[PDB]
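In: pasting the sequence and an experimental structure:
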Amino acid sequence: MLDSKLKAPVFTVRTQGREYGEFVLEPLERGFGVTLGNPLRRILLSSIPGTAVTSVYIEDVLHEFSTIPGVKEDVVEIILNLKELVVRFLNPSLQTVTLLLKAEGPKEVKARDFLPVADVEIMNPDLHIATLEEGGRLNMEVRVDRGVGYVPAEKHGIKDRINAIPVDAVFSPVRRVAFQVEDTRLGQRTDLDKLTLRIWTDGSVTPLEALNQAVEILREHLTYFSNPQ
Amino acid sequence: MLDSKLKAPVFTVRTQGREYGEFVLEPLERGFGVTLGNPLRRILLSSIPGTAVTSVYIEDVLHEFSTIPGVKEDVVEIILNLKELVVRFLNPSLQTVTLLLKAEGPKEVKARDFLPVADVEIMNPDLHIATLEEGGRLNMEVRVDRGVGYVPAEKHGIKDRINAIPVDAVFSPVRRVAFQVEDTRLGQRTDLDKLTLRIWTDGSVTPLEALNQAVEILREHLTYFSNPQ
Amino acid sequence: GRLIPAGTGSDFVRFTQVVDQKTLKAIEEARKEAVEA
Amino acid sequence: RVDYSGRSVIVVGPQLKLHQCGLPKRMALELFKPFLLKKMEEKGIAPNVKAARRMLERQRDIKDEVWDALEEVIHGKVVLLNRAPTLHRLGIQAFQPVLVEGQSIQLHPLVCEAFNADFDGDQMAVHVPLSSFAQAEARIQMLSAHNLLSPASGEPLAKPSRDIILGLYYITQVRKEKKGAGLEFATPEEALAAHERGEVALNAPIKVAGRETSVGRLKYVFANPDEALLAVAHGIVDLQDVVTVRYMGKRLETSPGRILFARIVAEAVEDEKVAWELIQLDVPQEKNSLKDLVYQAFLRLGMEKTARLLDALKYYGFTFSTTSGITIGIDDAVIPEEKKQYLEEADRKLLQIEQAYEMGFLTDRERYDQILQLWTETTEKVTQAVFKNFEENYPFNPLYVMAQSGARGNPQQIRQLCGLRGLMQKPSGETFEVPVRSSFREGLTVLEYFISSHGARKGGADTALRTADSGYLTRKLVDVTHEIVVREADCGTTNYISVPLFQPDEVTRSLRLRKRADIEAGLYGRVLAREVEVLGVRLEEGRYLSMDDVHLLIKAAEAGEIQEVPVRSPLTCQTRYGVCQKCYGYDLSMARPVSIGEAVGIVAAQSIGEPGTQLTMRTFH
Amino acid sequence: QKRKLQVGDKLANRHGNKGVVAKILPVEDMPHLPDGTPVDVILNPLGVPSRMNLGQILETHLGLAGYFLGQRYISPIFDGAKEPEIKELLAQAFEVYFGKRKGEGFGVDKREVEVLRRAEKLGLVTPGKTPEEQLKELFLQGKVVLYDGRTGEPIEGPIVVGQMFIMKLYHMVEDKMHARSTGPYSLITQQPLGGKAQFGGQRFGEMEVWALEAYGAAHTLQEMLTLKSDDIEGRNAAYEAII
Amino acid sequence: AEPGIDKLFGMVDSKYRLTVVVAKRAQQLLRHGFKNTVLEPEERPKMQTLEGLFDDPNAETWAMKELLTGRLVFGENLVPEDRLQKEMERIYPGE
Amino acid sequence: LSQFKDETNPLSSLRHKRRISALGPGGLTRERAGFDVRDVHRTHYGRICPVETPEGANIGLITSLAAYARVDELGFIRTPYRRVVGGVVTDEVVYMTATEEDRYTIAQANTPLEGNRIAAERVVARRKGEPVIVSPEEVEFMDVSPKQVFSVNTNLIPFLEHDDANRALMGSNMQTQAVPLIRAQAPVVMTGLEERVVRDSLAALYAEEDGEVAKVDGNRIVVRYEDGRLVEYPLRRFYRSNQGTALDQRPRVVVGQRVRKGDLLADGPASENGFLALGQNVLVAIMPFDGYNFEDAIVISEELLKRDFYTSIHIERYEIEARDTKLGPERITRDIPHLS
Ligand SMILES: CO[C@H]1/C=C/O[C@@]2(C)Oc3c(C)c(O)c4c(c3C2=O)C2=NC3(CCN(CC(C)C)CC3)NC2=C(NC(=O)/C(C)=C\C=C\[C@H](C)[C@H](O)[C@@H](C)[C@@H](O)[C@@H](C)[C@H](OC(C)=O)[C@@H]1C)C4=O
Ligand SMILES: [Mg+2]
Ligand SMILES: [Mg+2]
Ligand SMILES: [Mg+2]
Ligand SMILES: [Mg+2]
Ligand SMILES: [Mg+2]
Ligand SMILES: [Mg+2]
Ligand SMILES: [Mg+2]
Ligand SMILES: [Mg+2]
Ligand SMILES: [Mg+2]
Ligand SMILES: [Mg+2]
Ligand SMILES: [Mg+2]
Ligand SMILES: [Mg+2]
Ligand SMILES: [Mg+2]
Ligand SMILES: [Mg+2]
Ligand SMILES: [Mg+2]
Ligand SMILES: [Mg+2]
Ligand SMILES: [Mg+2]
Ligand SMILES: [Mg+2]
Ligand SMILES: [Mg+2]
Ligand SMILES: [Mg+2]
Ligand SMILES: [Mg+2]
Ligand SMILES: [Mg+2]
Ligand SMILES: [Mg+2]
Ligand SMILES: [Mg+2]
Ligand SMILES: [Mg+2]
Ligand SMILES: [Mg+2]
Ligand SMILES: [Mg+2]
Ligand SMILES: [Mg+2]
Ligand SMILES: [Mg+2]
Ligand SMILES: [Mg+2]
Ligand SMILES: [Mg+2]
Ligand SMILES: [Mg+2]
Ligand SMILES: [Mg+2]
Ligand SMILES: [Mg+2]
Ligand SMILES: [Mg+2]
Ligand SMILES: [Mg+2]
Ligand SMILES: [Mg+2]
Ligand SMILES: [Mg+2]
Ligand SMILES: [Mg+2]
Ligand SMILES: [Mg+2]
Ligand SMILES: [Mg+2]
Ligand SMILES: [Mg+2]
Ligand SMILES: [Mg+2]
Ligand SMILES: [Mg+2]
Ligand SMILES: [Mg+2]
Ligand SMILES: [Mg+2]
Ligand SMILES: [Mg+2]
Ligand SMILES: [Mg+2]
Ligand SMILES: [Mg+2]
Ligand SMILES: [Mg+2]
Ligand SMILES: [Mg+2]
Ligand SMILES: [Mg+2]
Ligand SMILES: [Mg+2]
Ligand SMILES: [Mg+2]
Ligand SMILES: [Mg+2]
Ligand SMILES: [Mg+2]
Ligand SMILES: [Mg+2]
Ligand SMILES: [Mg+2]
Ligand SMILES: [Mg+2]
Ligand SMILES: [Mg+2]
Ligand SMILES: [Mg+2]
Ligand SMILES: [Mg+2]
Ligand SMILES: [Mg+2]
Ligand SMILES: [Mg+2]
Ligand SMILES: [Mg+2]
Ligand SMILES: [Mg+2]
Ligand SMILES: [Mg+2]
Ligand SMILES: [Mg+2]
Ligand SMILES: [Mg+2]
Ligand SMILES: [Mg+2]
Ligand SMILES: [Mg+2]
Ligand SMILES: [Mg+2]
Ligand SMILES: [Mg+2]
Ligand SMILES: [Mg+2]
Ligand SMILES: [Mg+2]
Ligand SMILES: [Mg+2]
Ligand SMILES: [Mg+2]
Ligand SMILES: [Mg+2]
Ligand SMILES: [Mg+2]
Ligand SMILES: [Mg+2]
Ligand SMILES: [Mg+2]
Ligand SMILES: [Mg+2]
Ligand SMILES: [Mg+2]
Ligand SMILES: [Mg+2]
Ligand SMILES: [Mg+2]
Ligand SMILES: [Mg+2]
Ligand SMILES: [Mg+2]
Ligand SMILES: [Mg+2]
Ligand SMILES: [Mg+2]
Ligand SMILES: [Mg+2]
Ligand SMILES: [Mg+2]
Ligand SMILES: [Mg+2]
Ligand SMILES: [Mg+2]
Ligand SMILES: [Mg+2]
Ligand SMILES: [Mg+2]
Ligand SMILES: [Mg+2]
Ligand SMILES: [Mg+2]
Ligand SMILES: [Mg+2]
Ligand SMILES: [Mg+2]
Ligand SMILES: [Mg+2]
Ligand SMILES: [Mg+2]
Ligand SMILES: [Mg+2]
Ligand SMILES: [Mg+2]
Ligand SMILES: [Mg+2]
Ligand SMILES: [Mg+2]
Ligand SMILES: [Mg+2]
Ligand SMILES: [Mg+2]
Ligand SMILES: [Mg+2]
Ligand SMILES: [Mg+2]
Ligand SMILES: [Mg+2]
Ligand SMILES: [Mg+2]
Ligand SMILES: [Mg+2]
Ligand SMILES: [Mg+2]
Ligand SMILES: [Mg+2]
Ligand SMILES: [Mg+2]
Ligand SMILES: [Mg+2]
Ligand SMILES: [Mg+2]
Ligand SMILES: [Mg+2]
Ligand SMILES: [Mg+2]
Ligand SMILES: [Mg+2]
Ligand SMILES: [Mg+2]
Ligand SMILES: [Mg+2]
Ligand SMILES: [Mg+2]
Ligand SMILES: [Mg+2]
Ligand SMILES: [Mg+2]
Ligand SMILES: [Mg+2]
Ligand SMILES: [Mg+2]
Ligand SMILES: [Mg+2]
Ligand SMILES: [Mg+2]
Ligand SMILES: [Mg+2]
Ligand SMILES: [Mg+2]
Ligand SMILES: [Mg+2]
Ligand SMILES: [Zn+2]
């Protein structure tokens, strides 16, 4: 095609690794870069459902504000480090997976120390959970779920074991989104929108992939306007 | 289908005439009514096509700043009233339609006085064009086109007849958009988004039609994320 | 309407020349040529 | 009259970068006509000059190919923009033109401070550097984004003006809401639980005065930096809320907004740690904290890298301001409940002064001077009263933050809206006996108005005078001072002046440390005549003392180690016509040593002529 | 000729707020209210504290009332409307605004509730009252909730809006930007002169000379004194050279 | 702002000197032909209507872009005044 | 002293007729002497506006009089002050000379009044340029009106009360630069003189005596009075104002209409409905935007242009002469010698 349709969004991509991915697309009519970038953003953060530590149970610990002997870190610092943990399950059959880990004595507890689960993978192995001295006994069960957005530990209140403590839900492979709408000049008219959105990702998925998922959720939602009533 | 998919956006519509059209759709997840309502709004105002008086030719009048005898209104007031005129043609075959009207003597000139044209309809009959006294001779040809957005009379400069005078293009058929996101309670969880957007239209197109065009422009745009580079 | 005594019109910099290493070897070749017979 | 000049109305250019300026293509055409003509011939648009001329003699005849030619001619050239009174050298600055539609001239917000140019119709001229030389200087030593620090003070002039602060401030402020039940979590574990549920209930706020951690800190803890903001986005935490966060190696109890500002800078200049070292996230960002940030950034990271930070601040400041929804409202100007008190109390007391006169005790005059004293005090009383009001009850009152933030507002001004403007003077100068009981919030009466009018005229009549007088001065100064120019080798005459860090008389005789400012003024960027060993460091001879150094010497005089400072100065120079590097000092508009050939004479004469417009003007002698 | 408003033009209310149009925004993304009606002009707050005319902020409030109540008023010089009377009409306005909203079929937004949260934490609405009641309070204060338009999210914190009258100011002949390349020259003084169709050069005053003097603009100043204005043989060879 | 203006400032004894250098370099860059440059191959001057800045947009934006590299030499009296213009015409074509 | 009419809009052209100056005959206050004259003297009350005057070297010397200010027999602005015998206030008014005003104890209009009775024991009055809290028994005279204190041009401001006298000036001079818009609108909030301005200025056309309307042309409204007479009222269609602003009289009365004596037949250049109307009430949000409104910048909605809201008609008057040169008369013909 040649005139109005060939003059079409030149989708250009720049991605390094699975974390960063810039995406440019121009020309666009008046105030459309915004019209597109904004929704995609709102989707890219909430919708690309993900995984986050939803609950924790240290065996001798009762409340979240306690400290474990032989363990430098305090319960609150550890439950915090767990929010840093990124896991990845392969299929719907895995809604809530409880990862288990128990380590004793003079060893450093990293995420690779959790007993492997069949359909689940840990992308954050070397992450640091704790530093055990001597006579250091840490046996815990950390829940993991698939959800969307941010869910305060107060909102869900998970109950696996009565002495367990819920954690805040960081549900997203997407770290941050960012879009800029700068003018571009195409021959005749100057007023032009150039939309470029930068997406960052924990590694689980890729910027491109994410973006694709995003647009679909929008598309799928635009279809929901079918049957009047 | 029964559980999560049957639990689907119930698209309900309430439309009176071609001007007003309310559109409700619920349930929606977290913060999506906004995610959808806002873009559609941005589109509904900028993106959609309509009709507007693009040129005028009074027969004895040469410039826009003249006054016609027996005619209370001045050329500028009348060309102004014409911008108020809302027409509606039925098919692409009608790109530029010249409506004609000639009235004499002690009569009030309304839009219904324009000689009917086969595929075109005037939704603005009772609109007031002028007040003719006695010996009032007004014979004119007002052009009409199908376009998009706002186009200053200076930008187009239409040339039917050399003594004609172009007018500003008021092409958005959409008058105003408005959307509300009120909570709705569906059984289990209370946090629910209910998106209802109210659209008003000059009559050229209908609220529903408009909305449909809108969502498509969005869809078409979401496809532009296809070929990386 | 003369250049200003203060500024880039400084007796300290009014005179400054620039060179390309290519034009540096070119001028020394002019000096080499000075050797008669 | 210059041959390649122009002049039009100005208009704020928010997205524009300090570097550039919006110039109407229509103007650029005429301006750069000859440069364009030739460029037409180099392209197919025209056969020759005379051709290229007639091709443009009419407006309808321009092919869109010409714009593309001019836009190509202007590639890396820059122009000069002038303002109405050119009071100092920054009165003319160079920018790269970014051609735009219409009639107006797009100017950057940051330099709206250098040119005293607001947008109520102020028009700016524009000139063109024709020689490759004039262009070289123009964009090297005259370009805006280069001359960031003032020649008057080593203080930045690229300070976030009004809107940017307002933005940057609102984002970093913390809130405090309701203190009812116990505020003690520092100690009990039943204190964490009870005031955590109590907060969930309706009694304890998320921001309560509770030393260690208000339950707002108890409820939310954020692991990584981002985590913090996401919760903000989801509607969990406002930006001004008090939360805890884990940064590089510290559990820091700082708000969302504060944490975000941190990034803004950390991002502007990617040396993230160096970004933290020069920032104070322990307070709301006032123009001063910002000003400071700028300076530091300039010395620390380097000139252009600063420029980036500048625009970065400009951008977010602008954005955040829009969303903050700060607006002016009538009920926002809040009158204190104490106003009625202070009034009546001072009201009855006036009655006493009267009874005291009705008897014959106080002379005709005594009465007068006693009444004025009553109000002068009472008025100042309402003033600190309104602020205390806002300070304790409404921390986020519109009218307030603007004034607190380096943004907009004068203490005396606020007083006129919320409290009351109290004493206006008669025509001559004898202040009136009766005050202006009213504020602007409520009807300034019919006559308390006419009364205030008088003093208005005098201010206006005066302004009309410094317009041509501030010049009276600068003229003189430049007539004497022009010849002075930095042309040197370190002038060998070491005759020096000693800067006093102490003043003998505020109160008869008491030796006291001079103001942190006056001192700065004295030793900033000077050259030590002789060596000085003070707190432990050995300031060498001839070294240029940085503001950091002049901060040491004061800390030392605080301790009691030096009462004077040996330093080179213009007052003692040997170069007949001229002053040298070591005797002038630091301050070029840049912060390094002065550069040989700077026209100091005028630079000086100017810094002095402008502020003069602010000084009172009753009678010369 | 017709003069449609544009970016170069200057408008100003009767109070004194003067100012120029810097950007004409597409109705698409400027601040829009809950009900689709958007704002025409967005005035900066900062211009109000320094200057002292709250009268405008008072006008906008009575205005908001007249908008929903479809009525105009007459507030005399110093005897006119009073702060309580306005809050009263605002109260009447809340019913036309939000009353139709009740009956038309919908309640309050996630957005509307969100801005209320931040508004209570601010101190504009009595904590513990229902959003409906809270918004009345917040409206009476003269501000209402506004969504971005560009993002559709709300603008954290109520913002005032209303019917303010604004005039457009006449464009003087100077307005017509004067851009001159080359042109006539005075007979006795040889400096650039305009008149009829050639624009006439700008004046380079001493105050401006010094500005350059201060910089190291040596040539740039010579130019202004030679090539550009008085060097008869200079400006000639100047043009041709450029050519 | 402009590329490594700091770096530039640092390479001179005086601020006002750097301006004279750049300006005189830009002069020669045009006069003797614009290919009189020291760094054209791989990463060089560039404009975008095409990548056509490689030929003749801004003179000194080049001068600076070269001076920032360590190939040029600016002295008080480096090469005798008139012999320089002679050797430069001899070696650089394009007229 | 004789100046071009200030017809930017009737309002402006009106004030220009009621402006007083210092400089002039040369014999009176010239250029030199200033600050004592330029200041707003005490007596300037109801006689001269204190806001009105310009801004610059020429300040306070040129100012327009006040609302009820009137030149009696010999150019002495007497401001109206109503009489109050005892604690009784009258509807009678005395136009007092500057001098005589000092011999009395005068009170402001803000004084709570029940009619003829003053209502508060300690109520403000001002003897001679001095603010004095006097008793109801001492109040000899009272201020006639809140309007007389200032000028017309100023009186048009809504809540003058809450605005800094300094910036209120700006507002007053701003109106003097108001340009007539094809679409005119009165303020959503007015002071009360909009009507009186248009009427006393000669913008709108009012009906002499009661009757009915005969013909309503765009050029003429021939009304028929009940007296058995009918007159044709031409309407300045489109005229050229000295400063280039349109002055058109748009008929507001329909055919065959019984008119009350003194009712608008047509509206002036800038009147909506017999009310002064400049600019146009617009819904406005008062917040910050990116930088588009930074020091004193205004962001505008395109929507304001869609509707012909802020639009104004101009008219410049180009003129050329056929001169007689000794070289040969300059002919004016379609002939343009060289190219197309
Ligand atoms: C008797 O005609 C001239 C006498 C000059 O001689 C002088 C020495 O005597 C004056 C006398 C006795 C005056 O009362 C005034 C001025 C001058 C003189 O300067 C003014 N001068 C200025 C001050 C600053 N200059 C700029 C200069 C420095 C380059 C411009 C004018 N404003 C002036 C006024 N304004 C105002 O009050 C204001 C605040 C607004 C009104 C504006 C409208 C638009 C005008 O009214 C317009 C319709 C027109 O009347 C004038 C433009 C007129 O010109 C003609 C051709 O008619 C002169 C008044 C005056 O009332
Ligand atoms: Mg097209
Ligand atoms: Mg890669
Ligand atoms: Mg990969
Ligand atoms: Mg990475
Ligand atoms: Mg990265
Ligand atoms: Mg936009
Ligand atoms: Mg968003
Ligand atoms: Mg996953
Ligand atoms: Mg226990
Ligand atoms: Mg063990
Ligand atoms: Mg071990
Ligand atoms: Mg891996
Ligand atoms: Mg360990
Ligand atoms: Mg379990
Ligand atoms: Mg994000
Ligand atoms: Mg951006
Ligand atoms: Mg934007
Ligand atoms: Mg997909
Ligand atoms: Mg699919
Ligand atoms: Mg249907
Ligand atoms: Mg239907
Ligand atoms: Mg119906
Ligand atoms: Mg209906
Ligand atoms: Mg949301
Ligand atoms: Mg005929
Ligand atoms: Mg006519
Ligand atoms: Mg119209
Ligand atoms: Mg059609
Ligand atoms: Mg079709
Ligand atoms: Mg006939
Ligand atoms: Mg007729
Ligand atoms: Mg339409
Ligand atoms: Mg609408
Ligand atoms: Mg509508
Ligand atoms: Mg259900
Ligand atoms: Mg229930
Ligand atoms: Mg369509
Ligand atoms: Mg498709
Ligand atoms: Mg492909
Ligand atoms: Mg590629
Ligand atoms: Mg690539
Ligand atoms: Mg030179
Ligand atoms: Mg060389
Ligand atoms: Mg040889
Ligand atoms: Mg030999
Ligand atoms: Mg040999
Ligand atoms: Mg920008
Ligand atoms: Mg811009
Ligand atoms: Mg030709
Ligand atoms: Mg053109
Ligand atoms: Mg090209
Ligand atoms: Mg102006
Ligand atoms: Mg100016
Ligand atoms: Mg040159
Ligand atoms: Mg200096
Ligand atoms: Mg400031
Ligand atoms: Mg608070
Ligand atoms: Mg209490
Ligand atoms: Mg509470
Ligand atoms: Mg820590
Ligand atoms: Mg780097
Ligand atoms: Mg600290
Ligand atoms: Mg400061
Ligand atoms: Mg530095
Ligand atoms: Mg009170
Ligand atoms: Mg009381
Ligand atoms: Mg009391
Ligand atoms: Mg006391
Ligand atoms: Mg005080
Ligand atoms: Mg006090
Ligand atoms: Mg309190
Ligand atoms: Mg505070
Ligand atoms: Mg407040
Ligand atoms: Mg101040
Ligand atoms: Mg005096
Ligand atoms: Mg005296
Ligand atoms: Mg009052
Ligand atoms: Mg003087
Ligand atoms: Mg001056
Ligand atoms: Mg002087
Ligand atoms: Mg030495
Ligand atoms: Mg010695
Ligand atoms: Mg002293
Ligand atoms: Mg003291
Ligand atoms: Mg002090
Ligand atoms: Mg020694
Ligand atoms: Mg010693
Ligand atoms: Mg120390
Ligand atoms: Mg020591
Ligand atoms: Mg030593
Ligand atoms: Mg030394
Ligand atoms: Mg130091
Ligand atoms: Mg200290
Ligand atoms: Mg101390
Ligand atoms: Mg100096
Ligand atoms: Mg100043
Ligand atoms: Mg003083
Ligand atoms: Mg126009
Ligand atoms: Mg509606
Ligand atoms: Mg209505
Ligand atoms: Mg009234
Ligand atoms: Mg009521
Ligand atoms: Mg109802
Ligand atoms: Mg309805
Ligand atoms: Mg209902
Ligand atoms: Mg807050
Ligand atoms: Mg309630
Ligand atoms: Mg021009
Ligand atoms: Mg010209
Ligand atoms: Mg010429
Ligand atoms: Mg020459
Ligand atoms: Mg170095
Ligand atoms: Mg040296
Ligand atoms: Mg390069
Ligand atoms: Mg191209
Ligand atoms: Mg190429
Ligand atoms: Mg090529
Ligand atoms: Mg050769
Ligand atoms: Mg004398
Ligand atoms: Mg005196
Ligand atoms: Mg007085
Ligand atoms: Mg005036
Ligand atoms: Mg007496
Ligand atoms: Mg009583
Ligand atoms: Mg008196
Ligand atoms: Mg005043
Ligand atoms: Mg009449
Ligand atoms: Mg009849
Ligand atoms: Mg009647
Ligand atoms: Mg409106
Ligand atoms: Mg002649
Ligand atoms: Mg031919
Ligand atoms: Zn020296």
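Out: Okay, I see it. Residues are numbered from 1 along each chain as shown, chains lettered A, B, ... in the order given. Ligands and ions are numbered 1, 2, ... in the order given.

In: going by C-alpha atoms from here, please, whenever you check contacts or count neighbours.
Out: OK.

In: secondary structure class for the nearest residue to residue D:320 once chain neighbours are set aside?
Out: Distances taken as C-alpha to C-alpha, 6 or more residues apart in numbering or on different chains place residue D:167 nearest to residue D:320, at 5.1 Å, with adjacent residues excluded. Here residue D:167 is helix, with the state taken from DSSP: H, G, I helix; E, B strand; the rest coil.

In: how about residue D:167, what does it touch?
Out: D:316-322, D:324 (C-alpha atoms under 8 Å, 6 or more residues apart in numbering or on different chains).

In: got it, and residue D:442?
Out: Applying C-alpha under 8 Å, 6+ apart, the residues near residue D:442 are G:161-162.

In: and it, how far from residue D:415?
Out: 13 Å (C-alpha to C-alpha, to the nearest Å).

In: helices of the stretch 101-250 of chain G, residue ranges please.
Out: Listed in chain order, the helices of the stretch 101-250 of chain G (DSSP state H, counting those that start in this stretch) span G:152-155, G:165-175, G:194-200.

In: give me the distance from the longest one to the chain's centre.
Out: Here helix G:165-175 is found 12 Å from its chain centre; the criterion is C-alpha atoms, centre = their mean, to the nearest Å.

In: do it and ligand 1 meet at all?
Out: No. Against ligand 1, helix G:165-175 shows no contacts by C-alpha under 6 Å from any ligand atom, the least distance being 7.1 Å.

In: and that helix, what other elements does it pack with?
Out: In terms of contacts (3 or more C-alpha pairs under 8 Å, 6 or more residues apart in numbering or on different chains; DSSP states H and E), helix G:165-175 is packed against helix D:446-481, helix G:152-155.

In: what's the angle between that helix and helix D:446-481?
Out: 90 degrees (axes from the mean of the first three to the mean of the last three C-alpha atoms, to 10 degrees).

In: so helix G:165-175, near ligand 123 or not?
Out: No. Using C-alpha under 5 Å from the ion, helix G:165-175 stays clear of ligand 123, coming no nearer than 5.5 Å.

In: name the residues that touch that helix?
Out: D:449, D:452-453, D:456, E:12-17, E:51-53, E:167, E:169, G:11-12, G:51-53, G:153-154, G:157, G:160.

In: can you tell me the element residue E:66 falls in?
Out: Secondary structure from DSSP states H and E places residue E:66 in helix E:55-68.

In: what does that helix contact?
Out: Helix E:55-68 is contacted from outside by D:328-330, E:13, E:15, E:72-73, E:86, E:89-90, E:92-93, E:96-97, E:142, E:160-164, G:158-163, G:188-189, G:284, using C-alpha under 8 Å, 6+ apart.

In: in chain F, which spans are helices?
Out: F:5-10, F:15-31, F:60-67, F:83-91 (DSSP state H).

In: could those helices be laid out in TSV, adding distance to chain E and mean neighbour count?
Out: Formatted as TSV, the helices of chain F follow (distance: least, C-alpha to the nearest C-alpha, whole Å; neighbours: other C-alpha atoms under 10 Å in any protein chain shown):
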stretch	distance to chain E	mean neighbour count
helix F:5-10	15	15
helix F:15-31	7	23
helix F:60-67	16	21
helix F:83-91	21	14
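
In: would you reformat those as CSV and include distance to residue A:58?
Out: Shown next, in CSV, are the helices of chain F (distance: least, C-alpha to C-alpha, whole Å):
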stretch, distance to residue A:58
helix F:5-10, 57
helix F:15-31, 66
helix F:60-67, 62
helix F:83-91, 81
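
In: out of those helices, nearest to residue A:23?
Out: helix F:60-67 (30.1 Å; C-alpha to C-alpha).

In: got the angle for the closest one vs helix F:15-31?
Out: Using the same axes, to 10 degrees: helix F:60-67 against helix F:15-31 is 110 degrees.

In: quick check: which of the helices of the stretch 101-250 of chain G is buried the most?
Out: Among the helices of the stretch 101-250 of chain G, the stretch with the highest mean neighbour count (mean count of other C-alpha atoms under 10 Å in any protein chain shown) is helix G:152-155, at a mean of 26.

In: residues touching the residue of the stretch 1-150 of chain D found nearest ligand 115, list them.
Out: Using C-alpha to the ion, the single residue of the stretch 1-150 of chain D nearest to ligand 115 is residue D:76, 14.3 Å away. By C-alpha under 8 Å, 6+ apart, residue D:76 lies in contact with D:96, F:57-58, F:61.

In: swap in 6 Å and give it another go.
Out: residue F:58 (C-alpha atoms under 6 Å, 6 or more residues apart in numbering or on different chains).

In: could the helices of the stretch 101-250 of chain G go into a markdown table alongside distance to residue D:393?
Out: Below are those laid out as a markdown table (distance: least, C-alpha to C-alpha, whole Å):
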| stretch | distance to residue D:393 |
| --- | --- |
| helix G:152-155 | 38 |
| helix G:165-175 | 31 |
| helix G:194-200 | 42 |
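
In: hang on, the earlier thing: can you tell me the SS state at the residue of the stretch 1-150 of chain D closest to ligand 115?
Out: Applying three-state DSSP: residue D:76 is coil.

In: find the centremost residue of chain F, please.
Out: residue F:63 (2.6 Å; C-alpha atoms, centre = their mean).

In: actually chain A, not the one I typed
Out: Residue closest to chain A centre, computed by C-alpha atoms, centre = their mean, is residue A:172 at 1.8 Å.

In: that one is in contact with residue A:52, isn't it?
Out: No. Under the criterion of C-alpha atoms under 6 Å, residue A:172 makes no contact with residue A:52, lying 7.9 Å away.

In: let's see which of the contacts of residue D:167 end up in helices.
Out: Among the contacts of residue D:167, the members falling in helices (DSSP H) are D:316-322, D:324.

In: what's the closest of those residues to residue G:58?
Out: residue D:318 (39.3 Å).

In: list the contacts of the closest one.
Out: Here residue D:318 is in contact with D:164, G:290-291 (C-alpha under 6 Å, 6+ apart).
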